[PDB]
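Going by the deposited numbering, the first residue of the sequence shown is number 1, and it counts up by one from there.
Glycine included, each C-beta is placed from N, C-alpha and C at the ideal position.
What follows is one structure encoded as structure tokens, with my remarks underneath.
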Amino acid sequence: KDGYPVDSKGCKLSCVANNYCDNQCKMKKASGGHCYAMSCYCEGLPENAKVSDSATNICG
Numbered sequence: 001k002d003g004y005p006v007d008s009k010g011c012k013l014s015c016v017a018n019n020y021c022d023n024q025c026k027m028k029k030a031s032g033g034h035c036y037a038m039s040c041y042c043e044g045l046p047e048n049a050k051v052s053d054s055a056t057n058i059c060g
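So, in structure tokens, the structure goes:
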């Protein structure tokens, strides 16, 4: 599946470059890792990946 990976709190990962996400997503059995709207997004994550379902999370 695809989506935005979160952190230990469940907040979207603030990405700043494609290479950064490209490497992260990869480690997460993903294939399309890019930085969109300062948010990392991997395409091909595992059905049990920990990503959000919206372009905004509930961080502090």
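From what residue to what residue does the beta strand (DSSP E) around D2 run?
-> In the sequence shown, the residue the question calls residue 2 occupies position 2. If you look at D2, you'll find it in the beta strand (DSSP E) that goes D2 to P5.
Mind checking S14: buried by the 16 CB within 10 Å criterion, or exposed?
-> As a working note, residue 14 is residue 14 in the sequence shown. Counting the other Cβ atoms within 10 Å of the Cβ of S14 gives fewer than 16, which makes it exposed.
DSSP three-state call for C40: helix, strand or coil?
-> As a working note, residue 40 is residue 40 in the sequence shown. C40: strand per DSSP, three-state reduction.
7 Å Cβ shell around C35 - same chain, five flanking residues per side excluded | In the sequence shown, residue 35 corresponds to position 35, counting from 1. Setting aside the 5 residues that flank it on each side, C35 is surrounded in the same chain by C15, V16, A17, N18, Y20 and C21, each with a C-beta closer than 7 Å to its C-beta; the list follows chain order.
Note down, in chain order, each residue of its chain lying with its Cβ closer than 7 Å to the Cβ of residue 139, except the 5 sequence neighbours on either side.
-> Look at the range of the chain in this structure, 1 to 60, and you will see that residue 139 is not part of it.
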